[PDB]
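Heads up, the chain shows up twice below as C-alpha cells, two forms, tagged structure 1 and structure 2.
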Structure 1
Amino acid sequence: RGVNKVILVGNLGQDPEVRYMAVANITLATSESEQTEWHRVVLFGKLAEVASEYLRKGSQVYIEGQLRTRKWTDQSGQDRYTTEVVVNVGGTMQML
C-alpha cells in the first residue's frame, strides 16, 4: 500500500480559483534561500468552500495532501502529464 504524503507550508501566488462542481485551485509558493518554487494545489470537498470564503492571495497556509499526476494527450496527439497536490480526505488546509 505504501505511503504518499506531501507537506507544504507557503503563501498563495493568486487568490483561489474555486469552481463549484466544489473544488478550489491554488498555486502555493515555497522558497528556500532562492529557487522559489510554485505548487499546484487542488483542494477538493468542503475544504474548498473555506478557501474561497477566507483564504485569498498572499495568505500563508499549511497543507497536507497526496501526490497526483494525471496524463492528458493533446491536439497534436501527444501525451502530457500534470503533477498536483490534492486535498481530498486525510490532507488538510489551515490558515496561519
Structure 2
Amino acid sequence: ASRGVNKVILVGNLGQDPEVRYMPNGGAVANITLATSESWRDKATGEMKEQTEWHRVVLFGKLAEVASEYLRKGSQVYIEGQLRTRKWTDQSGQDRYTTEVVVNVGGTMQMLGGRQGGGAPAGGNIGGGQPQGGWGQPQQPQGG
C-alpha cells in the first residue's frame, strides 16, 4: 500500500479573523490560522516559557461557509484534515508552503461553549432521507 495515512488533528483558537473567498465556479474557500500552545516552567531566571505553533488551515465548500458566518478570532475549533505542501515562485525564488487541508474526509467542529443550530455543525455530502412510505417500493434500498 503506497497510499498510506495523512492525518492532522487540531484543537486550537483562530489567532485571527477568517479570510473567506467565494469562487462562483469552484466554490468558496476559507483560510484560518490556529495556534496551539506548550507551557513548561524552566530555563534561566524565568517563570514558565511558552511556545505557540501557528497552523494554516484551509477549508472548502460548506465548511468555509459555516466558518465565515460563525467563526471569528478567538473561536475554538476542532480540526481534522491532511497535510499539503505546495510550491510556488515568489518571483524567481522557489518556495514551499505547508498547510492543513480540510477535504471531504476531514471536518471541523466549533468548540468553546454551546452547540450550533439546525442540524449542525455539518456539511452536505453524504446522507439524506429517502422516506419509504408510498404505494410500494419495498424492494430497492431505502437510500440514505
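Shifts are known only where both forms have a C-alpha. For residue numbers, the reference is structure 1: its sequence is counted from 1. Superpose the two forms; the largest set of C-alphas matching within 1.5 Å is the rigid core.
In the core-superposed comparison between structures 1 and 2, the C-alpha atom of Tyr81 has shifted by at least 2 angstroms. Superposed on the rigid core, the forms differ at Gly45: its CA is offset by 1.2 Å between structures 1 and 2. After superposition on the rigid core, the Cα atom of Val6 is displaced by 0.2 Å between structures 1 and 2. 76-96 is the only run of at least 3 consecutive shared residues whose C-alphas each shift by 2 Å or more between structures 1 and 2 once the core is superposed.
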